[PDB]
Amino acid sequence: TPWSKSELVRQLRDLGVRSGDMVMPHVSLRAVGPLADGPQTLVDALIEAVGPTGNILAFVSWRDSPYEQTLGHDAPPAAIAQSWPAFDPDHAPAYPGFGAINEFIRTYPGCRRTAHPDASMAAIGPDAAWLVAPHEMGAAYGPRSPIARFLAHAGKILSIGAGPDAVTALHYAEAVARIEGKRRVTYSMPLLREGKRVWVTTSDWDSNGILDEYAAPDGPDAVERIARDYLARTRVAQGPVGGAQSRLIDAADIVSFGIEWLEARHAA
Ligand SMILES: CC(C)(COP(=O)(O)OP(=O)(O)OC[C@H]1O[C@@H](n2cnc3c(N)ncnc32)[C@H](O)[C@@H]1OP(=O)(O)O)[C@@H](O)C(=O)NCCC(=O)NCCS
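Each residue of the sequence shown is one higher than the one before, starting from 19 at the first, in the entry's author numbering.
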């Protein structure tokens with residue numbers, strides 16, 4: 019029997035979600051189980067749980083991000099530069115690998131989208147515009163990014179059946195951590211500025227591992243190692259959301275732990 023919207027709202031309430039909260043969900047729909055009206059039932063429940071003054075922030079990225087196609091180049095290769103679609107924030111589908119719920123969040127009426135094609139964030143609520151902008155190339159997840167403002171607004175991270183590797187906010191911790199040998203990457207993104215496609219090439223911290231030892235693809239990254247150590251040492255509200263075991267995490271607390279975690283193991 020599929021989970022109803024009212025059943026999920028009660029579960030979110032038991033977990034500690036309050037009206038007015040700013041919540042960032044990481045969802046495994048298969049862990050949740052069948053819903054009354056598909057994934058939209060959970061989206062409606064998330065919006066009701068945070069209330070009209072609350073906010074939802076999701077890391078949705080872009081299904082057709084030219085990340086690997088322009089990685090390590092001072093400019094987009096010619097074939098990529100001539101034909102790749104410009105990132106149209108209100109029309110670009112989310113990256114499926116980060117959760118099928120993100121395409122439902124992203125198309126919700128009133129949802130705003132950041133202009134960073136690879137690190138794109140979707141936001142719903144009164145603070146949606148303030149969260150999504152600015153989001154410039156070179157500030158994917160560190161200061162001046164939606165995550166930074168999310169951390170300055172008592173944000174809560176809502177893992178719904180997702181693994182510890184899915185804590186996007188911890189990319190802020192590795193962006194500001196004062197450690198040696200932080201990996202950087204160079205890539206190009208096609209922005210849509212006043213209807214005109216503009217190619218922008220930038221450098222930023224590697225979001226696939228801030229250090230060499232954390233960047234192997236086989237392969238727990240720094241986010242997963244930090245999150246597991248945090249969840250092993252911290253009392254965190256846990257409970258069911260649908261059929262998925264869920265956690266409500268204080269975003270500023272796990273990021274502070276992440277900074278201390280990185281700086282304790284690597285010199286400055
Ligand atoms: C990796 C991960 C996404 C895999 O979890 P998953 O449950 O297997 O995959 P999803 O949550 O995206 O959803 C899968 C289900 O939704 C279905 N689905 C996809 N689009 C759908 C649609 N429009 N309508 C209905 N169902 C849809 C899929 O077909 C699948 O259903 P199925 O079992 O019948 O085949 C999850 O574990 C996770 O980590 N999510 C957080 C990811 C994240 O935020 N990463 C950030 C890193 S910085």
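For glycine and all other residues, C-beta sits at the position ideal for the given N, C-alpha and C.
Quiz item: Cβ-heavy atom distance between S83 and ligand 1 below 7 Å?
Solution: Indexing the sequence shown from 1 puts residue 83 at position 65. Flag unset: Cβ of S83 not near ligand 1.
Quiz item: Should the stretch 58 to 78 be regarded as contacting the stretch 92 to 108, the criterion being three or more beta carbon pairs within less than 8 Å?
Solution: Judged by Cβ distances under 8 Å, the stretch 58 to 78 makes no contact with the stretch 92 to 108, as fewer than three pairs qualify.
Self-check item: C-alpha distance - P111 paired with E231, whole-angstrom precision
Solution: One-based indexing of the sequence shown puts residue 111 at position 93. One-based indexing of the sequence shown puts residue 231 at position 213. The alpha-carbon atoms of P111 and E231 are separated by roughly 32 Å.
Exercise. Compare the C-alpha of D271 against each of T219, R211, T252, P164 and name the closest.
Key: Numbered from 1 along the sequence shown, position 253 holds the residue referred to as residue 271. Closest by alpha carbon: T252.
Practice problem: Counting only runs of 4+ residues fully inside the stretch 176 to 251, write out the alpha helix (DSSP H) ranges in chain order. | Solution: Those alpha helix (DSSP H) runs which fall completely within the stretch 176 to 251 and span 4+ residues are 188 to 194, 240 to 251.
Quiz prompt | Buried or exposed by the 16-neighbour rule on C-beta atoms within 10 Å, applied to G227 | solution = In the sequence shown, the residue the question calls residue 227 occupies position 209. Classification of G227: buried, given that the 10 Å Cβ count is 16 or more.
Practice problem: Ignore the nearest five residues each way along the sequence and tell me which others in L188's own chain have a CB closer than 8 Å to its CB. | Solution: Sequence index remark: in the sequence shown, residue 188 carries index 170 (1-based). Same-chain partners within the cutoff: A240, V241, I244, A245, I272, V273, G276.
Quiz item: How far does the alpha helix (DSSP H) with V61 in it reach, from first residue to last?
Solution: Position 43 of the sequence shown holds residue 61. That run of the alpha helix (DSSP H) goes 57 to 68.
Practice problem: Please determine, among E66, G179, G69, the residue with the shortest C-alpha to C-alpha distance to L266. | Solution: Sequence index remark: in the sequence shown, residue 266 carries index 248 (1-based). Ranking the options by Cα distance to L266, first place goes to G179.
Quiz prompt | Counterpart residues of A166 in DSSP-defined beta bridges | solution = Within the sequence shown, numbered from 1, the residue matching residue 166 stands at position 148. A166 pairs with nothing; no bridge assigned.
Self-check item: Proximity to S24 [Cα-Cα], best of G173, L53, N73, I197
Solution: Mapped onto the sequence shown, residue 24 falls at position 6. Here the closest residue by C-alpha is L53.
Practice problem: Identify, in the order they occur along the chain, each residue of the same chain with its Cβ nearer than 6 Å to the Cβ of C129, setting aside the five sequence neighbours on each side. | Solution: Reading the sequence shown from its first residue, position 111 is the one you call residue 129. Counting only Cβ-Cβ distances below 6 Å, and skipping sequence neighbours, we find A140, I142.
Quiz item: Do you know whose CA, among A233, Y248, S221, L26, lies nearest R202's CA?
Solution: Working through the sequence shown from its first residue, we reach residue 202 at position 184. Nearest Cα to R202 within the set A233, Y248, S221, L26: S221.
Practice problem: Report yes if the C-beta of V203 is less than 7 Å from at least one heavy atom of ligand 1; otherwise report no. | Solution: Start at 1 with the first residue of the sequence shown, and residue 203 comes out as number 185. For ligand 1, not one heavy atom lies less than 7 Å from the Cβ of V203.
Quiz prompt | Best match in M40, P152, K200 for proximity to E66 [C-alpha to C-alpha] | solution = As a first step, residue 66 must be located in the sequence shown, where it is residue number 48. Checking every option, the nearest Cα to that of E66 belongs to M40.
Quiz item: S138 and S79: beta carbons closer than 8 Å?
Solution: In the sequence shown, counting from the first residue as 1, residue 138 sits at position 120. In the sequence shown, counting from the first residue as 1, residue 79 sits at position 61. In this structure, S79 lies closer than 8 Å to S138 by Cβ.
Practice problem: Please state whether DSSP places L266 in a helix, a strand or coil. | Solution: Translated into the one-based positions of the sequence shown, residue 266 becomes position 248. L266 carries a strand assignment under DSSP once its states are collapsed to helix, strand and coil.
Quiz item: From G115 to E121, what does the alpha carbon distance come to, in whole angstroms?
Solution: Here residue 115 is taken as the residue at index 97 of the sequence shown, counted from 1. Here residue 121 is taken as the residue at index 103 of the sequence shown, counted from 1. The straight-line gap from Cα to Cα measures roughly 11 Å.
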